[PDB]
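Some notes on the structure that comes next.
For the single chain, residues carry numbers from 1 onward in sequence order. Order of listing sets the numbers, starting from 1, for every ligand and every atom in it.
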Amino acid sequence: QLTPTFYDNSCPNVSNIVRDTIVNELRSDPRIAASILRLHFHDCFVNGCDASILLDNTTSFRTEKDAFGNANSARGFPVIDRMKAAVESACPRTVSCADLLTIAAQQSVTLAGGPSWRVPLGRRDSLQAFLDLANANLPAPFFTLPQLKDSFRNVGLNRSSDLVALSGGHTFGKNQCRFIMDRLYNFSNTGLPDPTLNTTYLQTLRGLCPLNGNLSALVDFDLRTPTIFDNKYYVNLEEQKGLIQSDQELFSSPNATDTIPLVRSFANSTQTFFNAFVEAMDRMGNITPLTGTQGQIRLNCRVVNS
Ligand code: HEM
Ligand SMILES: [Ca+2]
Ligand SMILES: [Ca+2]
């Protein structure tokens with residue numbers, strides 16, 4: 001069983017070291033908190049939160065970093081290396097990369113203005129990476145609501161609250177133009193923009209992402225508060241201003257009978273959202289963890305111990 005007090009004797013300063021690293025990095029890279037939270041998400045959705053995503057290529061297995069959902073998208077790996085080294089110095093061979101990333105995600109959310117809580121700990125590190133599994137399990141922005149629900153259920157998160165609350169991670173961070181081009185100019189081969197995208201916002205996004213323009217250009221997920229972790233993401237959805245298809249579908253999908261009330265509840269109360277987010281975050285963090293003597297306490301998050 002994972003417990004929040006796992007390192008209270010072996011490495012009481014772990015949370016503080018992780019926080020200090022992120023605070024320092026945020027000065028030069030204001031996007032890092034968002035990036036780190038996303039790394040934890042992509043770790044947990046592939047064989048559980050086992051730091052499998054942190055492993056680099058080997059001749060026996062490919063890295064998850066080359067997955068369609070990670071390639072030229074996932075970032076912050078050097079920052080994780082930095083905090084890992086700092087933690088290893090303070091507490092040699094004690095904190096797993098899986099746990100380190102979980103703490104980093106939580107601290108990132110709090111540093112960005114989100115809720116503060118102690119995450120369950122005790123996870124151990126994988127002995128391999130899972131590229132095929134990542135390509136299969138990571139959801140995509142073009143998923144319909146049923147597909148989004150399928151993706152979450154596939155990894156163990158059955159609740160619509162899991163999906164709606166965790167999607168709140170898009171209250172900050174960036175998204176490439178490439179992922180909304182269809183919504184802007186030719187949605188579902190209709191030759192027209194996505195009708196669920198606010199027409200005023202449509203104009204703004206078209207200006208940032210012109211047809212035949214730089215597909216790698218970055219746009220903010222939350223037009224209200226781009227770098228602050230708050231419930232503004234849901235207020236946007238209510239006005240048809242969700243950035244990607246998967247965002248807006250939580251409120252506009254024909255299958256959104258169960259998600260609409262959740263979106264409204266989170267838009268109406270920061271407390272309701274924050275509570276739901278912590279609850280869902282801990283559930284995602286409890287996905288098939290290696291514990292006890294299973295796996296290892298990786299010394300270098302990029303490679304399995306030898
Ligand atoms: C429900 C399905 C989801 C889909 C389809 C999805 C899709 C995406 C896409 C397309 C990007 C843009 C990547 C890029 O342009 O390079 C992204 C970024 C991001 N996502 Fe999600 N996401 C989902 C769920 C989540 C969850 C559960 C979290 C965390 C709790 C999360 C946190 C983030 C963050 C914080 C970013 C910004 C990262 C950065 O700026 O470096 N996402 N997501
Ligand atoms: Ca994983
Ligand atoms: Ca925000």
Test side chain to side chain donor-acceptor pair (under 3.5 Å) applied to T171 and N231, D230, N236, the passing residue: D230

Does some non-hydrogen atom of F179 fall short of 4.0 Å from ligand 1? yes

Close approach of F142 to ligand 1, heavy atoms, under 4.0 angstrom: no

List every atom of ligand 1 that sits less than 4.0 Å from any heavy atom of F172, numbering the atoms from 1 in the order shown and giving each element. 35 (C)

Which ligand 1 atoms, with their elements, are less than 4.0 angstrom from a heavy-atom of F152? 1 (C)

Does ligand 1 come near enough to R75 that some N or O of the ligand is less than 3.5 Å from an N or O of the residue? no

State whether the shortest distance between N or O atoms of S73 and N or O atoms of ligand 1 falls below 3.5 angstrom. yes

Strictly under 6.0 Å, is that where the ring centroids of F152 and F45 end up? yes

Between OG on residue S161 and CG on residue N275, distance to nearest 0.5 Å: 12.0 Å

Which N, O or S atom name in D222 marks its closest approach to the Ca ion (ligand 3)? OD2

With rounding to 10 degrees, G48 O, the Ca ion (ligand 2) and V46 O define an angle of 80°

Under 4.0 Å, heavy atoms only, figure out whether ligand 1 is touched by the backbone of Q176, its side chain, both or neither. both

